[PDB]
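**Student:** First the structure, which I've put down as structure tokens, then a few questions once you've had a look.
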Protein chains: 2
Amino acid sequence: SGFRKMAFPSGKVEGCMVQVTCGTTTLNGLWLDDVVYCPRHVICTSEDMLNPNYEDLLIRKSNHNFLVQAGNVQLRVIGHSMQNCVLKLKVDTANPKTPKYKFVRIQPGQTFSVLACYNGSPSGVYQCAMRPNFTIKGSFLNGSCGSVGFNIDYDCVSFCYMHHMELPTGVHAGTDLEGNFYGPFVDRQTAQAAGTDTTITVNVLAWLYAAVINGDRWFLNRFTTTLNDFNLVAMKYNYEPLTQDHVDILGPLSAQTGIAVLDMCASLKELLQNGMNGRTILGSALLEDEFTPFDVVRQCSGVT
Amino acid sequence: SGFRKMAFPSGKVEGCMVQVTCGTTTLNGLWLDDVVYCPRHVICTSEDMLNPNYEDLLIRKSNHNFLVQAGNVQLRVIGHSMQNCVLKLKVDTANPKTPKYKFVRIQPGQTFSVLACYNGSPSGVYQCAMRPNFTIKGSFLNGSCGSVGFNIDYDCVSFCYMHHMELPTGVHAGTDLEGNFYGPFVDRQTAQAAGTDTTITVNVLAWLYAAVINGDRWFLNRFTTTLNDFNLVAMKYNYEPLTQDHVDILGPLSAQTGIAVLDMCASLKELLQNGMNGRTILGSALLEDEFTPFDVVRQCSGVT
Ligand SMILES: *CC(=O)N1CCN(S(=O)(=O)c2ccc(C)cc2)CC1
Ligand SMILES: *CC(=O)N1CCN(S(=O)(=O)c2ccc(C)cc2)CC1
């Protein structure tokens, strides 16, 4: 029993982190096979970041300008290419610690673990969600760029995120491992404002199921609702609309608890309308939206 | 910027986790050098756990009754001894992945990372605090016993916790790596009730400093207080008394923010007296007490 915000074990990703230095910029790279992935803005001065022309900046860089250090051993760079907003540095040595991996582009609402790194060295690991406005609420200081977000399926690491920038509002923007930003963000130091940070309704319902499963039940009520009635309330509270696809995904938690999804919706509806009245659910005074239904099933069944 | 509940990277500890099976009980062990550490109740039936005589139960066990599996390779057990509530299984092979390590007994209020494991396989990692009542609020299912809590100083893993039991209230009790329980708990399935779960005042103040440092400042007020005045309010709210030692420890966060510890105490005093009024601090609707002053400095400076 007990329910915790839980990251994947980070070992498989620790073994992939390297330091990339270009000129006087140092940040993190991801070493998989004989390729090192890193944010293209490694080639920028802070001055460049105001209005960078990356193709133009890159012309002035050779393989030997990309200094790549794994532990305290330098990797030989034998090639470099730009793909979207990442550089791929071909090194002469395959990472001997390369795990089985995929690159996946996640949807908003999906959760992942971040291994915060500085100078290619892991500092800590935390669980994130891709927000519906395509930001993440991370913990990133200067030097953390190139830190990656990932899920693990048994022995396969799916890389979904690379850290690129902080918005003036202190939220975070990055790319998948093909270098395409989540949302409309650009690797340029400009006016970039996040859209509405809506609550991931399906995740709140998963976490209410996790609560019931762990003995926190005070918020179960005598009511039910409909997807349409519920969604009117969700709209009013800047909650994402709930779809039949969401209901379907909550099916197993429904089955396990014997609480119909629409009943739990009615419970969430009253919580939105009435607030928590100073009570807590799984040690939180607000409704948690960074557990997926898949995360709840995983933690409540003890998958490895 | 941004502030997250952050675990240490788990890689160094992943490489230490093994499966221990005695009869029909399977749980996790910690493999350091040529010793495997595990909860002594591995030798118990569920029947035994009602009133176990561990010295008597152990007489019936030989080295070859302790089945130890690292990945899918069996370790040869050449010795076994009971120290307090852990077994030490001497194996014929030094763990080639043994990190630099210490065993430390932490104080209540101190935080650590847990690597939740099942069948010697890591499932996830989260940050805990040792509660003032010597419980932790973990996420542990059957099979998770022998999962360990740890801090890392650069390359040295300090092991502070091994998981042993869930109380009927769904909080968790365990030992240091010398097998001595935190608090009054016994590895027996009996009436064991936790004492008062008080709030770790020094940790709440550290986290209020983390908030100010990260731009959440609405709760800064025009007031100050005294240790004595503050402590009257702390008593009333089941907060731990604040000592000069606590004030001293908050000195650097004081220095960095230019907010005197006693001023921040006055801010906390008003938050206790007035509540949050539906506002949030670092995305929480209650006062977080599972960051140490050392944790705040670490995450706010980017240590590896
Ligand atoms: C986001 C990130 O890690 N990087 C790499 C470091 N650069 S920088 O331009 O070298 C820089 C370092 C430190 C400060 C305080 C500012 C800028 C930024 C991008
Ligand atoms: C806490 C823990 O992991 N252990 C090891 C497993 N035992 S047990 O007695 O084998 C057991 C397993 C599963 C259930 C549902 C009950 C008991 C408990 C202690």
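Note on naming: chains are A, B, ... as they come in the structure tokens, residues start from 1 per chain, ligands start from 1 in the order shown.
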At a cut-off of 7 Å, using only C-alpha atoms, what residues contact segment 49-51 of chain A? Leave out same-chain residues fewer than 5 positions from it and give the result as a ChimeraX atom specification.
**Tutor:** /A:44,188-190
**Student:** Could you please take those selected residues and save N, CA and C atoms as a short mmCIF file (atom, residue, chain, number, x, y, z; two decimals), in the first residue's frame?
**Tutor:**
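Result file result_24.cif:
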```cif
data_model
loop_
_atom_site.label_atom_id
_atom_site.label_comp_id
_atom_site.auth_asym_id
_atom_site.auth_seq_id
_atom_site.Cartn_x
_atom_site.Cartn_y
_atom_site.Cartn_z
N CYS A 44 25.72 27.89 -29.89
CA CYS A 44 25.38 29.32 -29.70
C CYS A 44 26.16 29.90 -28.52
N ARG A 188 15.15 29.73 -29.42
CA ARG A 188 15.52 31.15 -29.59
C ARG A 188 15.09 31.89 -28.32
N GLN A 189 15.91 32.81 -27.82
CA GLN A 189 15.61 33.60 -26.59
C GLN A 189 14.69 34.75 -26.99
N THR A 190 13.39 34.47 -27.05
CA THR A 190 12.37 35.42 -27.55
C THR A 190 11.13 35.38 -26.65
#
```
**Student:** Set the cut-off to 9 Å, count only C-alpha atoms and all ligand atoms, and list whatever residues fall near ligand 1 as a list in words.
**Tutor:**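 Counting only what the definition allows, namely only C-alpha atoms and all ligand atoms, the set is residues 21, 24, 25, 26, 27, 28, 39, 41, 42, 44, 45, 46, 47, 49, 118, 119, 140, 141, 142, 143, 144, 145, 146, 147, 163, 164, 165 and 166 of chain A.
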**Student:** Skip residue 84 of chain B itself and residues of its chain fewer than 4 positions away, then list as a list in words all residues within 8 Å of it, counting only C-alpha atoms.
**Tutor:**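 Neighbouring residues, sequence-local ones excluded: residues 178, 179 and 180 of chain B.
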**Student:** Using only C-alpha atoms, determine which residues lie at most 8 Å from segment 205-210 of chain B, disregarding the query and same-chain residues fewer than 6 positions distant; provide the list as a PDB file with N, CA and C atoms, in the first residue's frame.
**Tutor:**
```
ATOM      1  N   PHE B   3      11.193  23.483  -9.189  1.00  0.00           N
ATOM      2  CA  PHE B   3      11.563  22.738  -7.969  1.00  0.00           C
ATOM      3  C   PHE B   3      10.721  21.465  -7.938  1.00  0.00           C
ATOM      4  N   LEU B 250      19.669  26.633   8.264  1.00  0.00           N
ATOM      5  CA  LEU B 250      18.944  27.421   7.230  1.00  0.00           C
ATOM      6  C   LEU B 250      19.748  28.677   6.871  1.00  0.00           C
ATOM      7  N   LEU B 253      20.526  29.473   3.025  1.00  0.00           N
ATOM      8  CA  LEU B 253      19.280  29.851   2.301  1.00  0.00           C
ATOM      9  C   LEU B 253      18.832  31.253   2.720  1.00  0.00           C
ATOM     10  N   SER B 254      18.957  31.539   4.010  1.00  0.00           N
ATOM     11  CA  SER B 254      18.832  32.903   4.569  1.00  0.00           C
ATOM     12  C   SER B 254      19.743  33.852   3.783  1.00  0.00           C
ATOM     13  N   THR B 257      18.810  34.300  -0.015  1.00  0.00           N
ATOM     14  CA  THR B 257      17.529  35.012  -0.270  1.00  0.00           C
ATOM     15  C   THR B 257      17.514  36.386   0.412  1.00  0.00           C
ATOM     16  N   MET B 264      10.999  34.285   7.921  1.00  0.00           N
ATOM     17  CA  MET B 264      10.383  33.150   7.203  1.00  0.00           C
ATOM     18  C   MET B 264       9.527  32.371   8.199  1.00  0.00           C
ATOM     19  N   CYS B 265       9.973  32.220   9.441  1.00  0.00           N
ATOM     20  CA  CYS B 265       9.156  31.584  10.509  1.00  0.00           C
ATOM     21  C   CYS B 265       7.806  32.314  10.609  1.00  0.00           C
ATOM     22  N   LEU B 268       5.600  31.380   7.786  1.00  0.00           N
ATOM     23  CA  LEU B 268       5.062  30.019   8.046  1.00  0.00           C
ATOM     24  C   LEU B 268       3.959  30.101   9.107  1.00  0.00           C
ATOM     25  N   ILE B 281       2.022  26.805  -3.464  1.00  0.00           N
ATOM     26  CA  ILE B 281       3.470  27.109  -3.348  1.00  0.00           C
ATOM     27  C   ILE B 281       4.180  25.948  -4.003  1.00  0.00           C
ATOM     28  N   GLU B 288       5.089  21.481   2.173  1.00  0.00           N
ATOM     29  CA  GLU B 288       5.949  20.286   1.950  1.00  0.00           C
ATOM     30  C   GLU B 288       7.078  20.222   2.983  1.00  0.00           C
ATOM     31  N   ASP B 289       7.219  19.077   3.640  1.00  0.00           N
ATOM     32  CA  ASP B 289       8.209  18.863   4.718  1.00  0.00           C
ATOM     33  C   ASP B 289       9.185  17.728   4.348  1.00  0.00           C
ATOM     34  N   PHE B 291      11.660  18.063   1.890  1.00  0.00           N
ATOM     35  CA  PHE B 291      12.964  18.610   1.419  1.00  0.00           C
ATOM     36  C   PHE B 291      13.781  19.066   2.621  1.00  0.00           C
ATOM     37  N   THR B 292      14.997  18.556   2.806  1.00  0.00           N
ATOM     38  CA  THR B 292      15.938  19.120   3.802  1.00  0.00           C
ATOM     39  C   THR B 292      16.532  20.421   3.271  1.00  0.00           C
ATOM     40  N   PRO B 293      17.025  21.292   4.179  1.00  0.00           N
ATOM     41  CA  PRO B 293      17.833  22.434   3.783  1.00  0.00           C
ATOM     42  C   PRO B 293      18.968  21.994   2.844  1.00  0.00           C
ATOM     43  N   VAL B 296      17.496  21.342  -0.588  1.00  0.00           N
ATOM     44  CA  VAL B 296      17.113  22.599  -1.297  1.00  0.00           C
ATOM     45  C   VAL B 296      18.362  23.209  -1.938  1.00  0.00           C
ATOM     46  N   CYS B 300      18.958  23.581  -5.849  1.00  0.00           N
ATOM     47  CA  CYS B 300      18.955  24.999  -6.288  1.00  0.00           C
ATOM     48  C   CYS B 300      20.339  25.395  -6.843  1.00  0.00           C
TER      49      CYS B 300
END
```
**Student:** Check segment 149-272 of chain A with DSSP on the backbone and list each residue it calls strand (DSSP E), as number ranges by chain.
**Tutor:** A: 149-153, 156-166, 172-175
**Student:** From a DSSP pass on the backbone, collect the residues of segment 63-240 of chain B flagged as helix (DSSP H, G or I) and hand them back as a ChimeraX atom specification.
**Tutor:** /B:63-65,201-213,227-236
**Student:** Output N, CA, C and O atoms for every residue in the selection just made, as a CSV table (one decimal), in the first residue's frame.
**Tutor:**
```
chain,number,residue,atom,x,y,z
B,63,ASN,N,23.0,-22.7,4.6
B,63,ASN,CA,23.5,-21.8,3.5
B,63,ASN,C,22.7,-22.2,2.2
B,63,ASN,O,22.4,-21.2,1.5
B,64,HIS,N,22.5,-23.4,1.9
B,64,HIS,CA,21.9,-23.9,0.7
B,64,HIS,C,20.4,-23.7,0.7
B,64,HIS,O,19.8,-23.9,-0.4
B,65,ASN,N,19.8,-23.3,1.8
B,65,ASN,CA,18.3,-22.9,1.8
B,65,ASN,C,18.1,-21.5,1.4
B,65,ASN,O,17.0,-21.1,1.0
B,201,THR,N,9.3,20.9,10.6
B,201,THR,CA,9.3,22.4,10.5
B,201,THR,C,10.5,22.9,9.7
B,201,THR,O,10.3,23.7,8.8
B,202,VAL,N,11.7,22.4,10.0
B,202,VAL,CA,13.0,22.9,9.3
B,202,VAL,C,12.9,22.7,7.8
B,202,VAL,O,13.3,23.5,7.1
B,203,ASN,N,12.3,21.5,7.5
B,203,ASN,CA,12.1,21.1,6.0
B,203,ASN,C,11.1,22.1,5.4
B,203,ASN,O,11.2,22.4,4.2
B,204,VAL,N,10.0,22.4,6.1
B,204,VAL,CA,9.0,23.3,5.5
B,204,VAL,C,9.6,24.7,5.2
B,204,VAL,O,9.4,25.2,4.1
B,205,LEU,N,10.5,25.1,6.1
B,205,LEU,CA,11.2,26.4,6.0
B,205,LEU,C,12.2,26.4,4.8
B,205,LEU,O,12.2,27.3,4.0
B,206,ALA,N,12.9,25.3,4.7
B,206,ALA,CA,13.8,25.1,3.5
B,206,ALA,C,13.0,25.2,2.2
B,206,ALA,O,13.4,25.9,1.3
B,207,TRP,N,11.8,24.5,2.2
B,207,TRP,CA,11.0,24.5,1.0
B,207,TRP,C,10.4,25.9,0.7
B,207,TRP,O,10.2,26.2,-0.5
B,208,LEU,N,10.0,26.6,1.8
B,208,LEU,CA,9.6,28.1,1.6
B,208,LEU,C,10.8,28.9,1.0
B,208,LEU,O,10.5,29.7,0.1
B,209,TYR,N,12.0,28.6,1.4
B,209,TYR,CA,13.2,29.3,0.8
B,209,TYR,C,13.3,28.9,-0.7
B,209,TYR,O,13.4,29.7,-1.5
B,210,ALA,N,13.1,27.6,-1.0
B,210,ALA,CA,13.1,27.0,-2.4
B,210,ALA,C,12.1,27.8,-3.3
B,210,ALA,O,12.4,28.1,-4.4
B,211,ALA,N,10.9,28.0,-2.7
B,211,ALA,CA,9.8,28.7,-3.3
B,211,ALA,C,10.2,30.2,-3.6
B,211,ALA,O,10.1,30.6,-4.8
B,212,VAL,N,10.7,30.9,-2.6
B,212,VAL,CA,11.2,32.3,-2.9
B,212,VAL,C,12.2,32.3,-4.0
B,212,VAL,O,12.0,33.1,-4.9
B,213,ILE,N,13.2,31.4,-3.9
B,213,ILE,CA,14.3,31.3,-4.9
B,213,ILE,C,13.7,31.0,-6.3
B,213,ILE,O,14.4,31.5,-7.3
B,227,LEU,N,12.0,32.4,18.1
B,227,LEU,CA,11.9,31.0,18.2
B,227,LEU,C,10.8,30.6,19.2
B,227,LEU,O,10.0,29.7,18.9
B,228,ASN,N,10.7,31.2,20.4
B,228,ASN,CA,9.8,30.9,21.4
B,228,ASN,C,8.3,31.1,20.9
B,228,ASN,O,7.5,30.2,21.0
B,229,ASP,N,8.0,32.3,20.4
B,229,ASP,CA,6.7,32.6,19.9
B,229,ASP,C,6.3,31.6,18.8
B,229,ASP,O,5.2,31.1,18.7
B,230,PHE,N,7.2,31.4,17.8
B,230,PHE,CA,7.0,30.5,16.7
B,230,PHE,C,6.6,29.1,17.2
B,230,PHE,O,5.6,28.6,16.8
B,231,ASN,N,7.4,28.6,18.2
B,231,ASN,CA,7.3,27.2,18.7
B,231,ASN,C,5.9,27.1,19.4
B,231,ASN,O,5.4,26.0,19.3
B,232,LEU,N,5.4,28.1,20.0
B,232,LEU,CA,4.0,28.0,20.6
B,232,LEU,C,3.0,27.6,19.5
B,232,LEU,O,2.2,26.8,19.7
B,233,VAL,N,3.1,28.3,18.3
B,233,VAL,CA,2.3,28.1,17.1
B,233,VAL,C,2.6,26.7,16.5
B,233,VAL,O,1.7,26.0,16.2
B,234,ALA,N,3.9,26.3,16.5
B,234,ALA,CA,4.3,25.0,16.0
B,234,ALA,C,3.6,23.9,16.8
B,234,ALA,O,3.0,22.9,16.2
B,235,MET,N,3.8,23.9,18.1
B,235,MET,CA,3.1,23.0,19.1
B,235,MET,C,1.6,22.8,18.7
B,235,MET,O,1.2,21.7,18.5
B,236,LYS,N,0.9,24.0,18.5
B,236,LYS,CA,-0.5,24.0,18.3
B,236,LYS,C,-0.8,23.2,17.0
B,236,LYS,O,-1.9,22.6,16.9
```
**Student:** If you measure from atom CA of residue 6 of chain B to atom CA of residue 127 of chain A, what distance in Å do you get, rounded to one decimal?
**Tutor:**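 The value is 8.4 Å.
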**Student:** Enumerate as a PyMOL selection string the residues belonging to chain B that approach chain A to within 7 Å, with only C-alpha atoms taken into account.
**Tutor:** chain B and resi 1-11+14+118+121-126+137-141+170+285-286+302-304
**Student:** Pull N, CA and C atoms from the residues just selected and write them as a PDB file, in the first residue's frame.
**Tutor:**
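And here's part-v9.pdb as it stands now:
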```pdb
ATOM      1  N   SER B   1      15.365  27.046 -13.165  1.00  0.00           N
ATOM      2  CA  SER B   1      14.220  27.278 -12.237  1.00  0.00           C
ATOM      3  C   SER B   1      13.293  26.053 -12.214  1.00  0.00           C
ATOM      4  N   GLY B   2      12.288  26.105 -11.347  1.00  0.00           N
ATOM      5  CA  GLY B   2      11.429  24.950 -11.068  1.00  0.00           C
ATOM      6  C   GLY B   2      12.052  24.092  -9.993  1.00  0.00           C
ATOM      7  N   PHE B   3      11.193  23.483  -9.189  1.00  0.00           N
ATOM      8  CA  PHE B   3      11.563  22.738  -7.969  1.00  0.00           C
ATOM      9  C   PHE B   3      10.721  21.465  -7.938  1.00  0.00           C
ATOM     10  N   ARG B   4      11.396  20.321  -7.875  1.00  0.00           N
ATOM     11  CA  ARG B   4      10.773  18.989  -8.029  1.00  0.00           C
ATOM     12  C   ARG B   4      11.200  18.080  -6.883  1.00  0.00           C
ATOM     13  N   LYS B   5      10.309  17.173  -6.482  1.00  0.00           N
ATOM     14  CA  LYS B   5      10.658  16.080  -5.547  1.00  0.00           C
ATOM     15  C   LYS B   5      11.555  15.112  -6.317  1.00  0.00           C
ATOM     16  N   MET B   6      12.835  15.114  -5.985  1.00  0.00           N
ATOM     17  CA  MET B   6      13.892  14.544  -6.831  1.00  0.00           C
ATOM     18  C   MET B   6      14.594  13.439  -6.052  1.00  0.00           C
ATOM     19  N   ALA B   7      14.655  12.243  -6.635  1.00  0.00           N
ATOM     20  CA  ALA B   7      15.447  11.117  -6.109  1.00  0.00           C
ATOM     21  C   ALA B   7      16.868  11.223  -6.646  1.00  0.00           C
ATOM     22  N   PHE B   8      17.826  10.667  -5.922  1.00  0.00           N
ATOM     23  CA  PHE B   8      19.172  10.380  -6.464  1.00  0.00           C
ATOM     24  C   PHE B   8      19.032   9.446  -7.659  1.00  0.00           C
ATOM     25  N   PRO B   9      19.954   9.543  -8.634  1.00  0.00           N
ATOM     26  CA  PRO B   9      19.987   8.574  -9.726  1.00  0.00           C
ATOM     27  C   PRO B   9      20.157   7.207  -9.044  1.00  0.00           C
ATOM     28  N   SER B  10      19.491   6.163  -9.531  1.00  0.00           N
ATOM     29  CA  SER B  10      19.402   4.854  -8.836  1.00  0.00           C
ATOM     30  C   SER B  10      20.422   3.840  -9.369  1.00  0.00           C
ATOM     31  N   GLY B  11      21.181   4.169 -10.413  1.00  0.00           N
ATOM     32  CA  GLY B  11      22.034   3.187 -11.094  1.00  0.00           C
ATOM     33  C   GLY B  11      22.922   2.443 -10.109  1.00  0.00           C
ATOM     34  N   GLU B  14      20.809  -0.061  -8.267  1.00  0.00           N
ATOM     35  CA  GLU B  14      20.276  -1.094  -9.183  1.00  0.00           C
ATOM     36  C   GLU B  14      21.283  -2.245  -9.233  1.00  0.00           C
ATOM     37  N   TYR B 118      11.093  -5.673  -6.757  1.00  0.00           N
ATOM     38  CA  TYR B 118      10.304  -6.924  -6.700  1.00  0.00           C
ATOM     39  C   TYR B 118      11.126  -8.006  -7.401  1.00  0.00           C
ATOM     40  N   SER B 121      14.488  -7.016  -8.867  1.00  0.00           N
ATOM     41  CA  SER B 121      14.405  -6.145 -10.070  1.00  0.00           C
ATOM     42  C   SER B 121      13.806  -4.792  -9.703  1.00  0.00           C
ATOM     43  N   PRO B 122      14.541  -3.694  -9.972  1.00  0.00           N
ATOM     44  CA  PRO B 122      14.033  -2.342  -9.720  1.00  0.00           C
ATOM     45  C   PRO B 122      12.756  -2.015 -10.501  1.00  0.00           C
ATOM     46  N   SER B 123      11.744  -1.451  -9.835  1.00  0.00           N
ATOM     47  CA  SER B 123      10.471  -1.029 -10.469  1.00  0.00           C
ATOM     48  C   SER B 123      10.372   0.501 -10.501  1.00  0.00           C
ATOM     49  N   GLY B 124      10.889   1.204  -9.500  1.00  0.00           N
ATOM     50  CA  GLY B 124      10.828   2.673  -9.523  1.00  0.00           C
ATOM     51  C   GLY B 124      11.588   3.294  -8.386  1.00  0.00           C
ATOM     52  N   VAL B 125      11.735   4.618  -8.425  1.00  0.00           N
ATOM     53  CA  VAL B 125      12.518   5.354  -7.402  1.00  0.00           C
ATOM     54  C   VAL B 125      11.726   6.600  -7.015  1.00  0.00           C
ATOM     55  N   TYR B 126      11.676   6.870  -5.716  1.00  0.00           N
ATOM     56  CA  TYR B 126      10.974   8.040  -5.133  1.00  0.00           C
ATOM     57  C   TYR B 126      11.761   8.530  -3.923  1.00  0.00           C
ATOM     58  N   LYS B 137       6.427   7.040   4.520  1.00  0.00           N
ATOM     59  CA  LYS B 137       5.202   6.938   3.709  1.00  0.00           C
ATOM     60  C   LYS B 137       5.726   6.562   2.335  1.00  0.00           C
ATOM     61  N   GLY B 138       5.805   5.258   2.102  1.00  0.00           N
ATOM     62  CA  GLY B 138       6.443   4.693   0.911  1.00  0.00           C
ATOM     63  C   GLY B 138       5.396   4.201  -0.054  1.00  0.00           C
ATOM     64  N   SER B 139       5.838   3.418  -1.022  1.00  0.00           N
ATOM     65  CA  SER B 139       4.971   2.700  -1.967  1.00  0.00           C
ATOM     66  C   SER B 139       5.555   1.312  -2.085  1.00  0.00           C
ATOM     67  N   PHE B 140       4.989   0.372  -1.329  1.00  0.00           N
ATOM     68  CA  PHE B 140       5.541  -0.986  -1.144  1.00  0.00           C
ATOM     69  C   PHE B 140       4.403  -1.994  -1.196  1.00  0.00           C
ATOM     70  N   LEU B 141       4.503  -2.978  -2.089  1.00  0.00           N
ATOM     71  CA  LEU B 141       3.577  -4.136  -2.197  1.00  0.00           C
ATOM     72  C   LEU B 141       4.355  -5.353  -1.732  1.00  0.00           C
ATOM     73  N   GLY B 170      -1.094   1.412   6.793  1.00  0.00           N
ATOM     74  CA  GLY B 170      -0.526   1.537   5.434  1.00  0.00           C
ATOM     75  C   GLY B 170       0.691   2.457   5.363  1.00  0.00           C
ATOM     76  N   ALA B 285      -0.652  22.471  -2.518  1.00  0.00           N
ATOM     77  CA  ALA B 285      -1.712  23.138  -1.725  1.00  0.00           C
ATOM     78  C   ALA B 285      -1.511  22.821  -0.239  1.00  0.00           C
ATOM     79  N   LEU B 286      -0.456  22.097   0.109  1.00  0.00           N
ATOM     80  CA  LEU B 286      -0.056  21.997   1.527  1.00  0.00           C
ATOM     81  C   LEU B 286       1.446  22.230   1.641  1.00  0.00           C
ATOM     82  N   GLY B 302      22.568  22.741  -8.287  1.00  0.00           N
ATOM     83  CA  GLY B 302      22.743  21.784  -9.400  1.00  0.00           C
ATOM     84  C   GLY B 302      23.891  20.810  -9.170  1.00  0.00           C
ATOM     85  N   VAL B 303      24.099  20.384  -7.917  1.00  0.00           N
ATOM     86  CA  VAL B 303      25.182  19.434  -7.510  1.00  0.00           C
ATOM     87  C   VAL B 303      24.982  18.112  -8.268  1.00  0.00           C
ATOM     88  N   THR B 304      26.072  17.390  -8.567  1.00  0.00           N
ATOM     89  CA  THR B 304      26.069  16.032  -9.182  1.00  0.00           C
ATOM     90  C   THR B 304      26.846  15.064  -8.281  1.00  0.00           C
TER      91      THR B 304
END
```
**Student:** Residues near residue 101 of chain B, anyone? I mean within 7 Å using only C-alpha atoms, not counting same-chain ones fewer than 3 positions away, as a ChimeraX atom specification.
**Tutor:** /B:156-158
**Student:** Mind pulling up the distance from atom CA of residue 18 of chain B to atom CA of residue 82 of chain B?
**Tutor:**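 Computing it gives 18.2 Å between the two atoms.
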**Student:** Here is a test: counting only C-alpha atoms and all ligand atoms, which residue of B:85, B:16, B:22, B:94 is nearest to ligand 2?
**Tutor:**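 Distance minimum relative to ligand 2 lands on B:22.
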**Student:** Under the rule that only C-alpha atoms are counted, which of B:43, B:148, B:242, B:194 is the nearest residue to residue 66 of chain B?
**Tutor:**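 Ranked by minimum distance to residue 66 of chain B, first place goes to B:43.
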**Student:** For ligand 2, which residue out of B:87, B:150, B:174, B:112 is the nearest one, using only C-alpha atoms and all ligand atoms?
**Tutor:** B:174
**Student:** Which is closest to ligand 2 among B:30, B:38, B:89, B:200, if we use only C-alpha atoms and all ligand atoms?
**Tutor:**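 Checking each candidate against ligand 2, we get B:38 as the closest.
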**Student:** Would you please work out which residue, of B:55, B:162, B:71, B:33, is nearest to residue 98 of chain B when using only C-alpha atoms?
**Tutor:**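 Checking each of B:55, B:162, B:71, B:33 against residue 98 of chain B, counting only C-alpha atoms, the winner is B:33.
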**Student:** For a test of reading the model, state the distance in Å between atom CA of residue 239 of chain B and atom CA of residue 132 of chain B, rounded to one decimal.
**Tutor:**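 It comes out at 9.9 Å.
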